[PDB]
Amino acid sequence: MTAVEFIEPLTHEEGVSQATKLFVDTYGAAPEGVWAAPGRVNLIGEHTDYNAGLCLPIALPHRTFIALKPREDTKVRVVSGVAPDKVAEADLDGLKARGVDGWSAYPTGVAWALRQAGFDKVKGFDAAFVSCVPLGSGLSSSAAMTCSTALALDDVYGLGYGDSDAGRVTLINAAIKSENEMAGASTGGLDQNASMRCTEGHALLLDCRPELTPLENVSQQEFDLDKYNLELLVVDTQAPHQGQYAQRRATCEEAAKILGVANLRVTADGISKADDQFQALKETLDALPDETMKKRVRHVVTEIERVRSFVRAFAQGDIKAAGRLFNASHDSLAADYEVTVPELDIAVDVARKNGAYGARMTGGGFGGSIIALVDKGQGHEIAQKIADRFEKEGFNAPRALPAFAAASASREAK
Ligand SMILES: Nc1ncnc2c1ncn2[C@@H]1O[C@H](COP(=O)(O)OP(=O)(O)O)[C@@H](O)[C@H]1O
Ligand SMILES: [Cl-]
Ligand SMILES: [Cl-]
Ligand SMILES: [Mg+2]
């Protein structure tokens with residue numbers, strides 16, 4: 001057997017060099033520059049973004065690097081190191097929603113979304129992508145691709161949104177619109193906010209209430225693992241990839257209609273404020289027509305409050321309490337939200353039995369990755385324990401990634 005694999009992040013120099021070479025090898029011309037956007041892990045606050053709740057992601061050091069040059073025509077050519085001989089070409093002139101096939105829908109839909117927003121200066125482009133964000137592993141390769149493309153287009157077309165946090169929200173909404181309306185993948189905004197608004201050494205406490213301005217809806221929460229002698233273990237289970245996500249949103253929207261609220265954040269805040277939170281929840285669930293919907297509402301309400309509990313626990317250096325909150329977030333996703341699979345649940349169980357302060361699935365679920373707060377120096381040991389258990393179970397070998405709170409998207413070269 002081979003020891004469990006760790007996926008190292010591309011350095012600045014590596015990502016620039018590789019993206020530039022693929023661009024020149026593909027297109028002949030030099031790119032105007034290279035931009036990049038990171039993947040992410042959500043620390044806690046899962047299935048809450050589309051309920052107007054609270055989330056707490058970090059940006060991974062793993063980035064997608066885009067080499068880009070604008071075109072004077074409306075042609076879009078993209079290529080990726082995943083399949084470097086296969087250039088995808090589309091045209092923006094008259095392009096409609098779902099008018100692009102395959103991965104190229106993600107970058108092309110970002111230029112489409114900016115033109116739909118009235119950015120008529122945005123024409124076509126050539127791009128080459130090189131990434132170390134694994135595809136389809138619940139680490140947000142999709143946002144790293146759409147956000148890197150949005151920051152690059154904003155830069156070359158001089159739209160003036162990329163150089164401020166608030167201005168990045170315009171680029172975020174174009175990234176979300178690309179993925180929702182061009183690629184046809186429902187996204188709630190956690191991942192794109194992480195990729196373009198996280199900061200090094202911090203977690204992004206994101207308030208997803210849709211009426212808030214950009215300066216109102218984020219606060220940078222110190223997330224210095226070294227201060228507490230900790231490591232954040234991230235393990236991509238590599239469980240075989242899997243409209244269950246549609247059904248979860250639909251159930252939450254129906255719950256909010258029955259309650260007479262705009263969103264379950266309203267519900268959760270009313271329960272949170274009660275002296276008797278147990279009775280406030282019971283009265284809410286009593287209003288709901290069926291046992292499954294009650295489970296879904298119980299998850300979103302308890303999970304929004306766990307985000308505030310986590311932010312408090314971590315600031316107090318109470319790592320045991322922070323871990324317990326990871327644990328409770330996982331258990332809620334497994335039992336009440338029903339979005340776990342055996343690989344996630346067994347990886348988490350191995351982490352918990354091997355000294356993790358806590359461990360949980362991250363992202364949407366149904367596969368993908370787990371995270372665990374562990375003592376510094378224990379991440380390899382716990383990863384290898386998960387890989388040894390995975391082989392005993394007949395599962396695909398997992399892989400791990402080093403993780404700490406890294407920088408958001410940026411221009412890498414010009
Ligand atoms: N480097 C890349 N090159 C080409 N396509 C990519 C790349 N990264 C992401 N994609 C596209 O995005 C999809 C992965 O996004 P998604 O299914 O949302 O998973 P995740 O966001 O968890 O990584 C891929 O199937 C492909 O269509
Ligand atoms: Cl046009
Ligand atoms: Cl459901
Ligand atoms: Mg995705």
Side-chain angles (χ1 to χ4, degrees), residues 7 10 15 18-19 22 26 36-42 46 49-50 57 60 62-67 71-88 90-96 99-112 114-116 118-120 122-125 127-149 175-176 178-180 182-195 234 236-241 245 339 344 361-370 399 401:
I7 306 171
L10 289 164
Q18 288 175 41
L22 177 60
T26 304
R40 66 88 189 92
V41 291
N42 192 22
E46 216 78 74
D49 63 348
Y50 58 85
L60 290 171
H62 301 75
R63 298 162 75 77
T64 293
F65 294 79
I66 188 183
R71 291 180 67 94
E72 297 183 352
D73 69 26
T74 51
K75 278 187 162 130
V76 183
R77 297 192 292 175
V78 293
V79 70
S80 162
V82 303
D85 299 332
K86 227 178 145 311
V87 177
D91 206 297
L92 298 166
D93 183 35
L95 186 60
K96 300 171 314 203
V100 181
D101 322 289
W103 74 276
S104 65
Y106 291 99
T108 308
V110 173
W112 170 86
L114 286 173
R115 287 150 67 78
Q116 293 290 108
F119 294 114
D120 72 283
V122 176
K123 302 309 173 188
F125 64 93
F129 294 90
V130 174
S131 189
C132 58
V133 187
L135 280 66
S137 295
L139 300 178
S140 309
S141 68
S142 53
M145 175 154 284
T146 57
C147 296
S148 61
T149 309
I176 295 165
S178 178
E179 178 157 5
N180 278 332
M182 202 49 75
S186 188
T187 192
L190 187 151
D191 301 347
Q192 299 86 352
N193 279 277
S195 192
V234 177
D236 172 10
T237 64
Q238 300 206 269
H241 295 354
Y245 181 72
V339 299
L344 294 168
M361 64 151 280
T362 193
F366 298 118
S369 304
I370 72 141
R399 54 194 178 189
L401 284 83

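Ligands are counted one by one from 1 in listed order, and the atoms in each one are counted from 1 as well. The residues of the chain are indexed from 1 along the displayed sequence.
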Check for me whether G136 has a heavy atom closer than 4.0 Å to any atom of ligand 1.
yes

So the atoms of ligand 1 within less than 4.0 Å of a heavy atom of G138 turn out to be 22 (O)

Verify the contact flag for atom 25 (O) of ligand 1, where contact means a protein heavy atom under 4.0 Å away.
no

Below a 4.0 angstrom heavy-atom separation, can you tell me which part of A143, side chain or backbone, both or neither, approaches ligand 1?
neither

Check whether any heavy atom of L135 sits under 4.0 Å from an atom of ligand 1.
yes

Answer yes if the side chains of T187 and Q192 hold a donor-acceptor pair under 3.5 Å, and no otherwise.
yes

Can you tell me if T74 and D93 form a side-chain donor-acceptor pair at under 3.5 Å?
no

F129 contact mode with ligand 1 (heavy-atom cut-off under 4.0 Å)
neither

Mind checking whether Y106 has a heavy atom under 4.0 Å from ligand 1?
yes

Which ligand 1 atoms does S80 reach within 4.0 Å, using its non-hydrogen atoms?
1 (N), 2 (C), 3 (N), 4 (C)

What atoms of ligand 1 come closer than 4.0 angstrom to any heavy atom of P134?
23 (O)

Under the salt bridge (charged side-chain N to carboxylate O under 4.0 Å, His left out) test, residues paired with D73 that sit two or more places apart:
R71

If I only include protein atoms of type N, O or S, how many are less than 2.8 Å from the Mg ion (ligand 4)?
1

